């Protein structure tokens, strides 16, 4: 399976040479445990939690679903298995859920402020080492959308790359054959002119980077007049207090890396009840 290795390594990291408690534990036995919330939020990590449990021979009697909301004291999952194994898994199972739900919850906040069904909230490639896929999955459970998953996923050209491209329209036209047939090219822009030249150069997507709502709005309109099939994305240090204003500019999407890199853990815990 796609994430069985992820969980093995998550786990491996915690018990190193071997769990000391399992050595001292007099007799083992089947026990039931519950994962309870200590905060409110959106639950994320279900897919990873079931694989971890499966992986370790722990049964999953009950669980809420990946996009469900919850209040503190809510039981999130009811698991049953060896006492020794519930303990060896506990922190891994909880770090998983707490981290992942933290992102879904922070993300849900933005989706909320955004308030629009026509405009999409996107994440970024700013993720923590080894958690690209894990965190991207989290953002989804919060109610938003994912941007490309990597550098193989699509071509994104910004100032760094552009500074060395003599003729952009020429470059894009002739790059298409050295890129897979299905790839889209996106050009990051910092002005209306740049955006205009990008659309005419052949871009499939233009990123209005660090531009006022007015600026963006102008670009959005121009795209509507000419290049109606080119996609527009607004990006920059967009805050919760800033998102709604941008959703009205006409861009198709808004990306805020903070959805992942500014998210923190939600409080949960395991009761052997």
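Numbering follows the first chain given and starts at 1.
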task = Take the C-alpha B-factors listed in the entry for 165 to 173 and for 147 to 155, compute each mean, and give the stretch with the larger one.
result = 165 to 173
inquiry  = Please compare 234 to 242 with 51 to 59 and say which has the higher mean C-alpha temperature factor in the record.
reply    = 234 to 242
message = Between 190, 123, 186, 135, which one tops the list for Cα B-factor in this entry?
response = 190
task = Select one of 180, 72, 129, 142: the residue whose C-alpha shows the highest B-factor in the crystal structure entry.
result = 72
query = By its CA B factor, does residue 11 count among the lowest, middle or highest third of the modelled residues in the chain?
reply = middle
ask   = Should residue 260 be placed in the lowest, middle or highest third of its chain by the C-alpha B factor in the entry?
value = lowest
inquiry  = Quick check on the deposited entry: does the C-alpha B-factor of residue 35 sit in the lowest, middle or highest third of its chain?
reply    = middle
query = Lowest, middle or highest third: where is residue 100 by C-alpha B factor in its chain?
reply = lowest
query = Among the chain's modelled residues, which third holds the C-alpha B-factor of residue 116?
reply = highest
